[PDB]
Each structure stands twice: as C-alpha cells, then as structure tokens.
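Here's the structure, in structure tokens; my notes come after.
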Amino acid sequence: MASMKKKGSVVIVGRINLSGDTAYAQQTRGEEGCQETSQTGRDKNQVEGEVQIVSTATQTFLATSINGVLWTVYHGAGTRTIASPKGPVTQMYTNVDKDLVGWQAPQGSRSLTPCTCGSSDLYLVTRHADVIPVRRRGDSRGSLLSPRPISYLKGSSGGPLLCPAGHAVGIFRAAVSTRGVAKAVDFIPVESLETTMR
Ligand SMILES: CC(C)(C)OC(=O)N[C@H]1CCCCC/C=C\[C@@H]2C[C@@]2(C(=O)NS(=O)(=O)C2CC2)NC(=O)[C@@H]2C[C@@H](Oc3nc4ccccc4nc3-c3cccs3)CN2C1=O
Ligand SMILES: [Zn+2]
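As structure tokens, then:
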C-alpha cells in the first residue's frame, strides 16, 4: 500500500489558435515541464483560447471550452484531475457511457457558444489545426468531404465540430474507418453536453 502510485493530472500543453484568419497549433509547454506539471498538478502557465492541446504521461489529445466547461473524452482523460494554478482540479462531469468528461474552464480560456442554428454544414478542428469540412449525417455522425487516413485524426478527440458561424456543435470522439481510411466521424453532440450540465 505504501508504494501505490498516483495517476498524474491532465496538463494543457498548447492550443489551437483560432483567433485570426489562420488556424495554427501553438505549444506552450515542453515535455519535461509537462511531466513535472502532471505530477504536481500545479500549472501556472497562462491559458488562452477555446481549444487546448492536453497531455497525460501516455497520451495527447484536445479539450474544448463550451459554456464555461473544458470538455474532453474519457478514453483520453479517464477520471484524472487537470493541472491548474492552485493545484489539481477534480472533474465536474464524468460520463463513461458518453466518453465525456469536463472540468471548470481555466481562467483565461474563452468558451464556444452551443449551436442553435440547426445547420448540417460543419467543420472539424484537428490537433494539427486543420479545419476539415464535415457534413452532418445524424445526431452524432458526420461524413468527411475528403476521406483521410486515421493517422490524420489520431490525437484530435476532444476537439470541436463547429457550425458556419463558429458555434460548438459537438466534441470529436471517434473515427469511422474502413481499411484504415476515415470516411466519417462520431462526435458527442453539444445537446448531450447541455443535458449533462443538468
Ligand atoms: C466503433 C465506432 C463506429 C464508434 O468507431 C470507433 O470506435 N473507432 C475507433 C478507431 C480507433 C483507431 C484510431 C482512430 C483515429 C482517431 C480517433 C479520433 C479518436 C482519438 O484521436 N483518440 S486519441 O486522441 O488518439 C486518444 C486520447 C488519446 N478516438 C478514438 O480513438 C476512440 C477511442 C475508442 O472509443 C472509445 N474508447 C473508450 C476507452 C475507455 C472508456 C470509454 C471509451 N469509449 C469509447 C467510445 C464511445 C462511443 C464512441 S467511442 C475507440 N476510438 C475510435 O476512434
Ligand atoms: Zn450555429
């Protein structure tokens, strides 16, 4: 018992910058700082923007702020705390059945507004800051207008699907692939987030 180890915190290591005319990834913390921050849970770095790049000791993926909550996937974060300036912060939402978790949005982040447009022309933002057109095909599915090898999408779970006006429509969860080629994406609809927020 005395030697039982503790899982580290999720650490914000960068962001997908969407503030200007050009989307691009920025790293804000390197690997050594990330490992140390994961162990302490103390992250004094300034946070900006809507889409964060996040890491554990073993995985890297995305997290998206909507309605003052930073949301990501359970298959990436598990039940982990997130590092913050005052120490680790416990999840405020956890739903393994939806593959969804959330923490209070960090100070300095900006939140996306849930979409109320009813529009099916969407855009997926990847961890490499690609903005991919996606046609909505159901409550939780959308098709890529140009298929991609699944390599292209690996590490983008937790990122947003957006409407033409930049509202959040969903959180990217899984790639739908045949023979390694992604022709569609599965996502957590923002309404499911809004319900989880009871
Ligand atoms: C069968 C269907 C049609 C749904 O499609 C698939 O399942 N296709 C699979 C193909 C996997 C091959 C790689 C695809 C590329 C990118 C993928 C975008 C990402 C991604 O980037 N991940 S990541 O960032 O690299 C990682 C964080 C570091 N997503 C995944 O890889 C998802 C994880 C897991 O699904 C779950 N795993 C778990 C594990 C524990 C607890 C709950 C749980 N619930 C889950 C779900 C409930 C509903 C849908 S999934 C399977 N994934 C899929 O995509
Ligand atoms: Zn909208």
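Here the sequence shown is numbered in this note's numbering, starting from 9 and rising by one per residue. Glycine residues also receive a C-beta, built at the ideal position from the N, C-alpha and C atoms.
Neighbourhood of residue i by C-beta, 6 Å cutoff - its chain only, sequence neighbours within 5 removed
i, result
"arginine 144", "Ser128, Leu130 and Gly150"
"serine 63", "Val19, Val21 and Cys42"
"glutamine 99", "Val109 and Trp111"
"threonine 121", "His175"
"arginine 50", "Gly95"
"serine 27", "none"
Span separating the alpha-carbon of residue i from that of residue j
i, j, result
"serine 46", "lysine 14", "10 Å"
"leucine 169", "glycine 95", "30 Å"
"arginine 156", "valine 184", "11 Å"
"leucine 108", "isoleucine 90", "14 Å"
"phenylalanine 69", "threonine 124", "27 Å"
"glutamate 44", "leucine 78", "22 Å"
"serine 119", "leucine 201", "13 Å"
"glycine 16", "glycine 126", "39 Å"
"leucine 132", "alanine 190", "13 Å"
"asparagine 75", "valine 55", "16 Å"
"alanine 182", "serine 164", "9 Å"
"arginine 37", "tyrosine 160", "23 Å"
"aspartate 147", "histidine 83", "21 Å"
"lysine 52", "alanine 31", "25 Å"
"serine 117", "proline 172", "22 Å"
"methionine 9", "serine 154", "52 Å"
"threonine 66", "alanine 85", "10 Å"
"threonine 48", "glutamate 40", "13 Å"
"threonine 186", "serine 11", "44 Å"
"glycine 57", "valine 193", "24 Å"
Whole-number beta carbon distance between residue j and residue i, since they are thought to touch under 8 Å
i, j, result
"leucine 152", "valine 139", "In fact, because the Cβ distance is near 12 Å, the residues do not count as touching under 8 Å."
"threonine 80", "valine 59", "With 8 Å as the limit, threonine 80 and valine 59 do not qualify as a contact, their Cβ atoms being about 10 Å apart."
"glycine 166", "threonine 134", "11 Å between Cβ atoms; not a contact."
"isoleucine 61", "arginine 88", "The pair is not a contact, with the Cβ atoms about 16 Å apart (cut-off 8 Å)."
Cβ-based neighbour list, residue i, same chain, cut-off 7 Å, excluding 5 preceding and 5 following
i, result
"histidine 136", "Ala33"
"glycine 188", "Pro157 and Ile158"
"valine 97", "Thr89, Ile90, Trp111 and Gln112"
"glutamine 35", "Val21 and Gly22"
Residues of its chain near residue i, where Cβ-Cβ distance is below 8 Å and the 5 sequence neighbours each way are ignored
i, result
"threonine 204", "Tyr101, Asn103, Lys106, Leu108 and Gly110"
"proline 93", "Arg50, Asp51, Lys52 and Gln115"
CB contact check: residue i to chain B, cutoff 8 Å
i, result
"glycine 163", "Here chain B cannot be found, since the structure has a single protein chain."
Closer than 7 Å: residue i CB and nearest ligand 4 heavy atom
i, result
"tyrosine 82", "Looking for ligand 4 in the displayed structure turns up nothing; the ligands present are ligand 1 and ligand 2."
Problem - Three-pair Cβ contact test at 8 Å for the region 173-183 versus the region 191-201 - result: Contact holds: three or more Cβ-Cβ distances are below 8 Å.
Quick one, what's near ligand 2 if you take every residue whose CB is closer than 5 Å to any heavy atom, in chain order? Selection around ligand 2 by beta-carbon proximity, strictly under 5 Å to any non-hydrogen atom, yields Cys123, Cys125, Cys171, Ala173 and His175 in chain order.
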